[PDB]
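Quick notes on the structure that follows.
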Number of protein chains: 4
Amino acid sequence: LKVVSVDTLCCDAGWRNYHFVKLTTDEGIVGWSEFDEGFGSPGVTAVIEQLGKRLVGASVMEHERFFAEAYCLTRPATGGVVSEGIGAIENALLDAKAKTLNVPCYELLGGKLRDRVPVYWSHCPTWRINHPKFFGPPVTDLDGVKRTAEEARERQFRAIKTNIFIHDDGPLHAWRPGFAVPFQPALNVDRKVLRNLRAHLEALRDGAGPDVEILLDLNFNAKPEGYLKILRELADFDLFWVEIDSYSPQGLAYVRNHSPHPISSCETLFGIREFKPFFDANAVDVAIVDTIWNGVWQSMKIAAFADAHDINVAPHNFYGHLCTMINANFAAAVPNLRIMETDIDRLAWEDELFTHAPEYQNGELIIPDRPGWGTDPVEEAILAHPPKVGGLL
Amino acid sequence: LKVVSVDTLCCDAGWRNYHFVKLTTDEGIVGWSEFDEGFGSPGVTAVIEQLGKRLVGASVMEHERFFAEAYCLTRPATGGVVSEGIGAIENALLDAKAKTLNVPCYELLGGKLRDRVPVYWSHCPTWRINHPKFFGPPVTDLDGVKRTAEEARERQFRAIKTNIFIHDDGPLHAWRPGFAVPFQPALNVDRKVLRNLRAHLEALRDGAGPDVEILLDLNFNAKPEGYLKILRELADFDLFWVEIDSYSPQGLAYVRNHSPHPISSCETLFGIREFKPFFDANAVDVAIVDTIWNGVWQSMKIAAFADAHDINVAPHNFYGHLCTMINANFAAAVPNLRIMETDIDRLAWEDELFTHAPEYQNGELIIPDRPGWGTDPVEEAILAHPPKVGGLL
Amino acid sequence: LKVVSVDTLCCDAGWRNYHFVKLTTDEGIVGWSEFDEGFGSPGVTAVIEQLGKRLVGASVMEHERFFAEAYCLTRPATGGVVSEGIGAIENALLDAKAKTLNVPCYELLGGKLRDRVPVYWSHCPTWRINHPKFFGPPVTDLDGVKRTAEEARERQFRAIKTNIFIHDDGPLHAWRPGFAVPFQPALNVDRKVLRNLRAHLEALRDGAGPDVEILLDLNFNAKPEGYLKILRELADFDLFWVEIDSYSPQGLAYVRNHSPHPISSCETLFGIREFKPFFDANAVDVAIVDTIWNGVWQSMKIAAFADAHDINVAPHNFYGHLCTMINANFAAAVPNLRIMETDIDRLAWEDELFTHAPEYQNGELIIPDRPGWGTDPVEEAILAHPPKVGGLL
Amino acid sequence: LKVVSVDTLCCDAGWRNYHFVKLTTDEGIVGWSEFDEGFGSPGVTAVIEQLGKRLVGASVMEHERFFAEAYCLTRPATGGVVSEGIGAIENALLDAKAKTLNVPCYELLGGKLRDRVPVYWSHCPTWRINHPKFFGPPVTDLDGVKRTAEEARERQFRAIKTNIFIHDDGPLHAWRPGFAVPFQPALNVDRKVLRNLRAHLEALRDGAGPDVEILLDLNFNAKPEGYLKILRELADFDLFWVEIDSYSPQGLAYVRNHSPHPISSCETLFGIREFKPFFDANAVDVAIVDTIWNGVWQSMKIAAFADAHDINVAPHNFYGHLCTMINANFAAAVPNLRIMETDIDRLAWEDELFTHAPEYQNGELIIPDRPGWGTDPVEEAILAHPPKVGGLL
């Protein structure tokens, strides 16, 4: 049951690349995970390459032992890119372990609790505005925003998530100063931002009708002052959540305390330790857990922690099919599950890269029951789509 | 004044490698920094390589602008290896900026406040025990521990720092379970640890005499329970500080509240945000600031923050001559300076790698007054010492 | 590089005087700052005169050394007028240092982050009501208030700040009981105050149109009870901020917690130590930093401190051109910049007193790139405008 | 009953000057106070000169009205030198008011509660070491320290206060880095400081015998880290109090929580507002109140505030006879009185400057019963002792 090798692979995903860990055991079982460097995370491959060297020769069954060891060896620079490396390896170990026992990964996670998972259609219409070269139909005005919401409704999706868009200042464009597009590092919110948010959401609501929920993701695009301004402007809107990433537990809590909407956060956080100050401060209605970053086993620890605070959790899922399946297994096993994120816009070559595609019915994801996560990257297809030299950088 | 290139270089440093950022301006000025991957930090080079691409074409003078931008582009995975990459670039920018203005780096930092900096001789006798292939004379028993302390005293050093050593269980060896040597991830402290700590420190005190201060570094090698056990065992000892790294501000504060010794911590932390919960909890007598990791400009922000809490700071300095000089300039400018760490044990080839060596007199470091940090890595010498495939990993 | 002399100069500024520090080095470089006694600060000249004596003979380059020393010598009576004296000297040192290195002051402050700074037109129409002998056209009724706002809009200013005015009780007059005009030291707020605030702001909004932001400065003119009454009365208004000075962090926080508007404060505070209790209490959306009072170097420490709390800062700028330029350099370098205050009403002789005037385009201040702050007081012109025996006193 | 004039006078006091407010009413009554600029307070005369102008024409009886008004006019720069100016005027008003009613000042303060006040002999042997040109016999070694304590005992004083002295490093000298003598702005405490403190206090105890209490004043000469080191070193000593000035309520509280001695502080603080955070933090056993700085009426407010926290107060009294008498009247009226400071070493010309000298019997100050404070400065004598161009500066 020894691990014989740990390799990484990478392929083109349009404006970013997909990355994978491929872990092989002495029995010839292959466990896979998916990870990302584009979302502000250069260096993850380097971390995996170094840590994978320590893993070869160890039991594939002993994933928490490898975690404990890796955590020790990288203790001083833990979190961030290091913890992403650890998480990716963990997710590959879990796949290989499940396959070795001939069970779906949810069988390692307490068994399944539900057969189907309600989703929201994320980056909607964000990705049709930002990446029209890859997703269609392009969205270039308020009418298109409305039509996108109509499509979600027609397709039986129950919820959609959008971001911040500027409609009345030249061509339709995203407002992402938290990620330096534009470079305005104070992150101030002015009338223009507020008026355009209102215009955009009014259009979306018009298309969504009254039974499709709208989620609003502000990411890291303001300071508490600006988030409050946003919330007050949008006080009259019906929002499933307003999502605000922050490294100030007390500032986020202040924002939530004055919010007429459910507040979600935490998608960038690692381990119970980093979630804790937020829960202690009453900072969130909903905790987002990035199981791709954390590793699914660590994520189960976070979900139980949230559960004790009577907080429901939602996985962060905005990469390829394998990431969807990783998150599907997590979602199958967690009792305190708010909803699951997914991307309904897909790359023309997405299905080619994986043996199996996620299946949706009536706005829910069907949880597969194959050994492991439920889909495998296809080596030949990965190589047919060589990576680019992407993401936030 | 544009940045034309940002490159990294690496060379052998015995059991670890040294790493450098080399930044060239359109005027042909070269700014340098030193960084590290060995101390649990795989991926830093990758971060610098990606971020350096955004820097080319920008003004060398605008270092806080680059910081603001880099922080935005990597916001989601900030801290750790990402922030180390940012810090290394910052330190290279500061060098090049100072050289462009023909001033020592301390002239960018508020001007100097003192001409000489008291030091402690760190990893003493740690490195003579752990790396006898590189430093001599080897230390293999309690007599050798005593003689090392005697040497420090003879050489006019005023303080020395040691770690945890096991003397009565086969050959003299370090006890580093926080870094998985040995792999005992509970980090429990037992009688053996306590008895050996006492034996080791008694030997050291015997050699040190009564006017050399002894610092004890526990790193991440226990939990609060175990730190308390250590402190209680050593209650009768005269210790300049006991150094405890922890990601639990409330647990560290509890430990300090029951400590009869000054407690230091924070050497692994990034930015005011991460130091804040510790200061708010009364967690430390002394804050260690790693300016190599943070970047010196960010470190000035941390030092002012500590100053408002009436906490003195000590730089973390345990790499090559350039790191010593980087820290020397920081130490020259900070009013609330506790003491500065330095390594008196040096590699046989250390002086070869740099144009200038740090100078000590009567247990103090003399702050140089050359343009920039005060020493430059020598490209030809770096290449005469090709790196190995080191550190905690 | 020794400081040879530190002198103060003073000239008429209508209802108050301007004051300056003039610092000369052995090389003949002259560094300048501007300071004030009128805003409740008698004694500042005396402080500068005494402290300047200790500075002569010291290096002009070592400004933080002088700060550290001055802080020690005046430790028991620190803050207030003493710290203003220190700050004025610091600002003169920074000018002389920058000029010695042939760079704009922002080059000492981390380099510039932006080329232009959005401003608000402050004391608008406050100064046309209160000082019609010096600024025109005079404002004597609600129509005039509206026309002033129209002018700001026509002139492309994006924001204006007003104070408290009584319109229906004889001639239009300011309500400033916090500064004993009138002497009503309980600072109670009654219907008359509330009705007149509403009338005044309605007039202003009417003139401002919908895209000019309105800031309301309450200064020290109520107690928490009265501020709450004001906020509740004005709940329906769209205010960029409501500015409330207070020495009760818990009382201000209570006020903010019940505010439907962004709250700003802190313009009278000195150092991280005094700002800290406010930030710890969640007392403010925006922190005002008086860099003329604090000194710009100390102000950079405050701005980084605010940044860690995700609070943006705004400089306090309500004196002469030199003060504008001092604040311009600060604003150029600070990432977390909310907006910058400036006075668009200018004295008939303002331009005569200084070598350079601030330049505005499209509601933004253009940051100059001359060595030092960007303007020098003119000795001959200062003497053509002899001071009066002003301000709050 | 109008105030006709407010003047200031100044005279030589050896290493510092004495300053006085002289206030004359329309009836020809003269009220006096004493104030100081030397203890880090340049500018106080300027403040008094400006504020005194507003007072002329007002009722001498309405001192709290003048306070309320002055506080308003100087609100933005309150505390420190401004509040010292206010306090000096208040103390002159109280004198003139008491004299107008033909009563000792304690009759304005609730009437007397006690006839005699226990004192401690302050700056003992501090002033014989530091100012031997003015006080004898000079103290230059440990024997002299012992003999000074013996003298205090012989003279029936019940308590003495000393500071920090270095005995084994050349000529006997004070250690005052908090006031930049020496300039070592980190304020670190090392073995030398600790060994000399012990040597000095052992000598003092030897001379004091067992029934004279010893107070130790550390002023602003360390950070919390260093104060703790001091307290731990001196854990075995019997100290009436250890006095520590700090602007960190939480840091001072931490120090007190680990102190085996009563802790005193606050001698530099102004008004209930500044004392409050210390009392809220459990920072002190004893609160020192500087009634010369605050004004005696404001000081009564502070004493009642302390009383509600079951904290006793001690006046700060280290200037001339008039200051002693001001403090005597305060001490007569305050129920929660710990002890009163006084200086038993007196200038050769001290008695000449005042109509009456304080009288001591059996280690207590006898409270006088003359109209006003109990002594008046003598104009002719003040002019026989012209001031110097002193104190901390």
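General observations
- Test: residue in region C:269-279 that is more than 20 Å from D:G79 (Cβ to Cβ) and either crowded, with 21+ Cβ neighbours inside 10 Å or more than 14 Å from chain B (Cβ to nearest Cβ) (or both): no
A quick yes/no check of all residues on (1) at positive phi; (2) in the same structural domain as B:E225 (by CATH); (3) in contact with a strand residue (DSSP E or B) (Cβ under 8 Å, 6 or more places away or on another chain); (4) buried (at least 17 other Cβ atoms within 10 Å of the Cβ):
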site: B:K161; (1), (2), (3), (4): no, yes, yes, yes
site: B:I164; (1), (2), (3), (4): no, yes, yes, yes
site: B:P177; (1), (2), (3), (4): no, yes, no, yes
site: B:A180; (1), (2), (3), (4): yes, yes, no, yes
site: B:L187; (1), (2), (3), (4): yes, yes, no, no
site: B:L194; (1), (2), (3), (4): no, yes, no, no
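- Residues in region B:86-104 that are surrounded by fewer than 24 Cβ atoms within 10 Å (Cβ to Cβ) and hydrophobic (A, V, I, L, M, F, W, C) were compared, and the one that is farthest from the other protein chains (Cβ to nearest Cβ) is B:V103.
- Within the option set C:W121, C:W127, being surrounded by 21 or more Cβ atoms within 10 Å (Cβ to Cβ), under 30 Å from A:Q184 (Cα atoms) and among the aromatic types (F, W, Y) holds for one residue only, C:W121.
- Of the residues making up region C:109-147, those that are in a loop (DSSP other than H, G, I, E, B) and among the basic types (K, R) are C:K112, C:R114, C:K133.
- In region C:299-316, residue farthest from the other protein chains (Cβ to nearest Cβ) [restricted to those that are part of a helix (DSSP H, G or I) and among the charged types (D, E, K, R)]: C:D307
- Residue check, C:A203 within 13 Å of chain D (Cβ to nearest Cβ), more than 23 Å from the chain's Cα centre (by Cα) and among the small types (G, A, S): no
- Residue that is surrounded by the most Cβ atoms within 10 Å (Cβ to Cβ) [pool: residues in region B:62-80 that are more than 9 Å from chain C (Cβ to nearest Cβ) and among the hydroxyl-bearing types (S, T, Y)]: B:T74
- Output for region A:196-252, where each listed residue is among the β-branched types (V, I, T) and closer than 17 Å to A:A283 by Cβ: A:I230, A:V242, A:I244
- From the options A:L142, A:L113, residue that is assigned by CATH to the domain that holds A:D206 and in contact with a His (Cβ under 7 Å, 6 or more places away or on another chain): A:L142
- Verdict on D:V296 being farther than 30 Å from B:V313 by Cβ, crowded, with 24+ Cβ neighbours inside 10 Å and away from every other protein chain (no Cβ under 14 Å): yes
Matching residues to (1) buried (at least 24 other Cβ atoms within 10 Å of the Cβ); (2) within 21 Å of C:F318 (Cα to Cα):
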position	(1), (2)
C:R16	no, yes
C:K22	no, yes
C:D36	yes, yes
C:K53	no, no
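- One residue from C:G38, C:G52, C:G87, C:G31 being part of a loop (DSSP other than H, G, I, E, B) and farther than 20 Å from D:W293 by Cβ: C:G38
- Residue in region C:342-350 that is in contact with an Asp or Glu (Cβ under 6 Å, 6 or more places away or on another chain), surrounded by fewer than 24 Cβ atoms within 10 Å (Cβ to Cβ) and assigned to a loop (DSSP other than H, G, I, E, B) present: no
- The set of residues in region D:219-258 that are crowded, with 21+ Cβ neighbours inside 10 Å and hydroxyl-bearing (S, T, Y) comprises D:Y227, D:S246, D:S248, D:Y254.
- Within the set D:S41, D:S59, D:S83, the sole residue that is more than 7 Å from chain C (Cβ to nearest Cβ), under 23 Å from the mean Cα position of the chain (by Cα) and not aromatic (F, W, Y) turns out to be D:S83.
- Every test in (1) closer than 29 Å to C:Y227 by Cβ; (2) in contact with a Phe, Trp or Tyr (Cβ under 7 Å, 6 or more places away or on another chain); (3) at the interface with another protein chain (Cβ under 10 Å from one of its Cβ atoms) is passed by C:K112 save one, and that test is (1).
Residue-wise test of (1) assigned by CATH to the domain that holds C:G38; (2) among the β-branched types (V, I, T); (3) touching a helix residue (DSSP H, G or I) at 6+ places or on another chain (Cβ under 6 Å).
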site: C:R273; (1), (2), (3): no, no, yes
site: C:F279; (1), (2), (3): no, no, no
site: C:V289; (1), (2), (3): no, yes, yes
site: C:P315; (1), (2), (3): no, no, yes
site: C:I344; (1), (2), (3): no, yes, no
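Every residue, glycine among them, receives a Cβ derived from its backbone with ideal geometry; neighbour counts consider all protein chains shown. All of this is worked out from the model, or read from it or from the source named; no laboratory instrument gave them.
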